[PDB]
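In: turn this into a structure:
(2 chains, ligands or ions: 2)
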Number of protein chains: 2
Amino acid sequence: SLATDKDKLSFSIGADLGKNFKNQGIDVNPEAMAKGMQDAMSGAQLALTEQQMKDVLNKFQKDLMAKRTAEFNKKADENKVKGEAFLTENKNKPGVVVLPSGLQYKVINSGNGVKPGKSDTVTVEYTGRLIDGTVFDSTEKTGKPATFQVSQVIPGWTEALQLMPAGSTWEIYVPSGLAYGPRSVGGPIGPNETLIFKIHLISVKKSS
Amino acid sequence: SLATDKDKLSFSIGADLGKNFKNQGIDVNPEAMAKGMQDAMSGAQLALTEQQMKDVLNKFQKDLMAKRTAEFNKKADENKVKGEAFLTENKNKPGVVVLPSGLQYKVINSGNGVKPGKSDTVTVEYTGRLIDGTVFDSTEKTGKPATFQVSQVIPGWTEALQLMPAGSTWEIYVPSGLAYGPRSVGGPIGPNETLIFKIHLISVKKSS
Ligand code: NA
Ligand code: NA
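Out: Numbering: from 1, shown residues only, chains lettered A, B, ... in the order given. Ligands and ions are numbered 1, 2, ... in the order given. Below is the structure:
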């Protein structure tokens, strides 16, 4: 019966828990959960001691943490293998130059301005995408250029910008260690991901 | 039946939820919660739409947040009234001196050393207690003095220390606004709490 607000709130909480458990692969008996919830609220004597229940839950958390780590390590290794393959094929393509760090670049149009330094501030327009073509960032949304210091950006950009004459448009292929590396809290960027960026340097300005 | 690890984990999760809900005063029907959890995991059609359930839960969170704020404001006002009463009675007691900020103090033993300044570093031994006598902090545990800068301590201490000759032992009565004020994330110190401290200044040292 979902006639009362109490029933509807109770059903809605259960449904949210169920979705979460099913998404995480946690197998649970809803009837046994209801028994424990009822006995705890009624003030009855629980069929398990407080230590027995503390032992079951501490083990569950450890088992869950292990499975999560194993799935993150699996994805990181898959992304690394895909990246090494893409960059191994990209180096054989026309215009591709490979640098000692593993950063690769292709010149779309060369500019005639100055190449920025590490302390310098640069204004740029760019689009960042994964090897599948999924775009994750662009100034084309803002409709406005972006300003950054060459030393405060991802390593791949710091290396490329110091070789780019102002006015130039280049495409860069960044290994994961020159990007976000073995980390993926969220976003469309997962662990050990190789990235592709189209970057246009508009202007460079000194500090002092 | 709690024969399997699945049943025992399920019962243990339910018991923890029940305790939490009972401690917060949340009234829930365990059977209706089990129905929603089962239907969500089975992939069935839920008796409520996703918007209906999103409306029930958003209202619940607002109702809960309101009740929590109302109980925190109630405790803060009670603690303020108790504090004003204690300090109104303490000012009539022997040796009690009342300062313009509302800080009160009583000299147990006067020292012959120098009175510290705001930039100075001071070494002290102390015990802090509530008006009920509950001790919340002491150097008597560490078995060692504590070192602090006069400007980085609670306002009540900053005011008293600048009047205390080194070697002195004083008892101080601090209004809540010269202490932690309207805040209580945890600890034994709740909101708008007046505090009592026995403080012995051992030594004072300058900065430059
Ligand atoms: Na391309
Ligand atoms: Na006393």
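
In: in which helix or strand would I find the closest residue to residue A:202 other than its chain neighbours?
Out: The shortest distance from residue A:202 to any non-neighbouring residue, by CB to CB, 6 or more residues apart in numbering or on different chains, is to residue A:123 (4.7 Å). Placement of C-beta: from N, CA and C, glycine included. Following DSSP states H and E, one finds residue A:123 within strand A:121-129.

In: residue A:79 now?
Out: Per DSSP H and E: helix A:50-90 holds residue A:79.

In: list the strands paired with the longest strand seen in chain A, with their directions.
Out: As assigned by DSSP state E, the longest strand anywhere in chain A is strand A:195-205. Neighbouring strands of strand A:195-205 in its sheet, by DSSP bridges, are strand A:121-129 (antiparallel), strand A:169-174 (antiparallel).

In: run through who's touching that strand.
Out: With CB atoms under 8 Å, 6 or more residues apart in numbering or on different chains as the test, strand A:195-205 has contacts from A:108, A:111, A:113-116, A:120-131, A:145, A:156-157, A:160-161, A:164-174, A:176, A:179, A:189.

In: please pick the buried ones from those residues.
Out: Among the contacts of strand A:195-205, those classed as buried by 16 or more other CB atoms under 10 Å in any protein chain shown are A:111, A:116, A:120, A:122-131, A:156-157, A:160-161, A:164-166, A:168-174, A:176, A:179, A:189.

In: wait, does the helix holding residue A:79 make contact with chain B?
Out: Yes. Helix A:50-90 comes into contact with chain B (CB under 8 Å from any CB of the partner chain), by way of A:52, A:53, A:56, A:57, A:60.

In: out of the residues you listed, who has the most neighbours?
Out: residue A:53 (20 neighbours; other CB atoms under 10 Å in any protein chain shown).

In: how much space between the closest residue to residue A:173 other than its chain neighbours and residue A:96?
Out: Once flanking residues are discounted, residue A:173 sits nearest to residue A:104: 4.1 Å by CB to CB, 6+ apart. Distance from residue A:104 to residue A:96, counting by CB to CB, to the nearest Å: 6 Å.

In: what touches both of these two?
Out: Contacts common to residue A:104 and residue A:96, judged by CB under 8 Å, 6+ apart, are A:90, A:173.

In: so if I had to pick from these two, which one is more boxed in?
Out: Per other CB under 10 Å, whichever of residue A:104 and residue A:96 has more neighbours is residue A:104, with 23 against 15.

In: is that one in a bridge, and if so with what?
Out: Bridge pairing for residue A:104 - DSSP bridges - gives residue A:98, residue A:173.

In: my guess is it meets residue A:87, correct?
Out: Yes. Using CB atoms under 8 Å, residue A:104 makes contact with residue A:87 at a distance of 6.3 Å.

In: give me the common contacts of those two.
Out: In contact with both residue A:104 and residue A:87: residue A:173, using CB under 8 Å, 6+ apart.

In: picking up where we left off before, and residue A:14, which of the strands paired with strand A:195-205 is closest to it?
Out: strand A:121-129 (41.0 Å; CB to CB).

In: past that closest one, which element shows up next along the chain?
Out: Assigned by DSSP H and E, the successor of strand A:121-129 is strand A:135-138.

In: mind listing what's buried along the helix or strand just after that next one?
Out: Later in the chain than strand A:135-138, the nearest helix or strand by DSSP H and E is helix A:139-142. For helix A:139-142, burial by neighbour count (16+ other CB under 10 Å) applies to residue A:139.

In: residue contacts, the residue nearest to residue A:202?
Out: Neighbours of residue A:123 in contact, by CB under 8 Å, 6+ apart: A:145, A:146, A:147, A:201, A:202, A:203.

In: what about 7 Å?
Out: A:145, A:147, A:202, A:203 (CB atoms under 7 Å, 6 or more residues apart in numbering or on different chains).
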